[PDB]
Amino acid sequence: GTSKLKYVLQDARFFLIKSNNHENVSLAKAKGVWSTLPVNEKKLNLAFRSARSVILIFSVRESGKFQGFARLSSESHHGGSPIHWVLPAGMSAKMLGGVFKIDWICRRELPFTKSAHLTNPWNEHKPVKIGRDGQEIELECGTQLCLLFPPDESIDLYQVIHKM
Ligand SMILES: CNc1nc(Cl)nc2c1ncn2Cc1ccc(C(=O)O)cc1
């Protein structure tokens with residue numbers, strides 16, 4: 344069902360994550376971690392204290408799809424382990440240094456063609472697929488976007504609800 348999902352999404356904040364490559368999203372799904380650039384890291388750390396749930400919605404650049412969504416379970420932390428990210432051309436390894444722990448809510452894909460009816464007030468009402476890494480998605484648009492994803496029956500939201 345969708346009832347526990349709706350409960351997790353209640354009064355949540357939503358951020359669009361854009362990854363340059365599929366490998367880091369795969370690593371994030373395997374290890375329950377994410378790292379971003381310092382500007383976005385500060386925003387997510389602020390949001391984590393501000394909201395009952397902070398939801399990251401992932402899209403790999405050029406894929407035409409979202410790859411899933413996850414909830415922050417921690418602020419960023421250093422020195423736990425050097426996650427073997429694949430660095431973009433130019434991107435150093437100290438720029439992706441802060442590691443957030445995340446709990447996946449859905450590891451299924453959603454093509455952009457299915458979200459074409461959703462616009463983001465915080466990005467000039469452009470379609471929600473449009474946005475830079477870290478773009479905040481307003482509550483109503485982000486809730487409907489998450490509800491569009493196919494159900495991920497491999498995930499049990501009971502433990503996610505307890506961390507709230
Ligand atoms: C493990 N975390 C990550 N992995 C990958 Cl592959 N891309 C990420 C990412 N977090 C953000 N992005 C996209 C991005 C946006 C701007 C620049 C730049 O201004 O150079 C570089 C990358």
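For reference, each letter of the sequence shown is one residue, going 344 to 507 in PDB author numbering.
Where is the CB? At the ideal position from N, CA and C, for every residue including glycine.
Which residues neighbour ligand 1 when neighbourhood means a C-beta less than 6 Å away from any of its non-hydrogen atoms? List them by chain order. 361, 362, 363, 364, 367, 378, 379, 380, 428, 429, 431, 433, 434, 439 and 476
If you follow the alpha helix (DSSP H) that residue 413 is in, where does it begin and where does it stop? Element bounds for residue 413: not the alpha helix (DSSP H) but the beta strand (DSSP E), 411-415.
With DSSP as the reference, please indicate the residues paired to residue 484 in a beta bridge. Partner(s): none; residue 484 has no beta bridge.
Roughly how many whole angstroms lie between the Cα atoms of residue 440 and residue 379? 8 Å
Is residue 356 helix, strand or coil by DSSP? strand
Bounding residues of the beta strand (DSSP E) (the contiguous stretch that carries residue 370): Annotation: residue 370 is outside any beta strand (DSSP E); the continuous alpha helix (DSSP H) that includes it extends over 365-374.
Close beta carbons around residue 462, own chain, < 8 Å, minus the five adjacent residues each side: 468, 469, 470, 471 and 484
By a C-beta neighbour count over all protein chains shown, 10 Å radius and 16 as the cutoff for buried, is residue 389 buried or exposed? exposed
In chain order, which beta strand (DSSP E) runs of at least 3 residues are fully inside the segment 376-464? 397-403, 411-415 and 443-449
Residue 506 (DSSP reduced to helix, strand or coil): helix
Return yes when the Cβ of residue 357 is within less than 8 Å of the Cβ of residue 479, no when it is not. yes
Excluding five sequence neighbours on each side, which residues of the same chain lie with their C-beta closer than 8 Å to the C-beta of residue 445? 371, 375, 376, 377, 399, 413, 414, 415 and 416
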